[PDB]
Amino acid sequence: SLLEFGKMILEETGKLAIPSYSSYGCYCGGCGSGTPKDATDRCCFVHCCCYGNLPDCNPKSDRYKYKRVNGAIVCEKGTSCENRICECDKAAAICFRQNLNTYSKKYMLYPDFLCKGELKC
């Protein structure tokens, strides 16, 4: 659920999910269409695509448990949806941590019309 994901992001990047990653680029938050603007935005594109492989699950509201084993993120045993949702979130957090260097405030609150809608997952 958004609760776990937002906490995972804070621990990793030090930034708060909202408003740092809630409305960034074309795919972070109201991800929908367009060409990802940068690395961080690609992180969200792939994340959105990751949730897309789980049609009968509910990523926003289903809670899963996870632990830290010396900085490492470990998804604990839960239901299939919970295990797979955690794996998707875990990737995004690492992806975000990997592209902090190129995170640009220039992309916060990015306008809709500027998204050239075409990347198939």
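One rule holds for the numbers: they count along the sequence shown, beginning at 1.
Just going by the entry, 107-115 versus 5-13 on mean CA temperature factor gives the higher value to 107-115. Once the C-alpha B-factors are averaged per stretch, 54-62 and 88-96 rank with 54-62 first.
Residue-level temperature factors show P36 in the middle third of its chain, judged at the C-alpha atom. When the modelled residues of the chain are ordered by C-alpha B-factor, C43 sits in the lowest third.
Ranked against the other modelled residues of its chain, the C-alpha B-factor of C81 as given in the entry falls in the lowest third.
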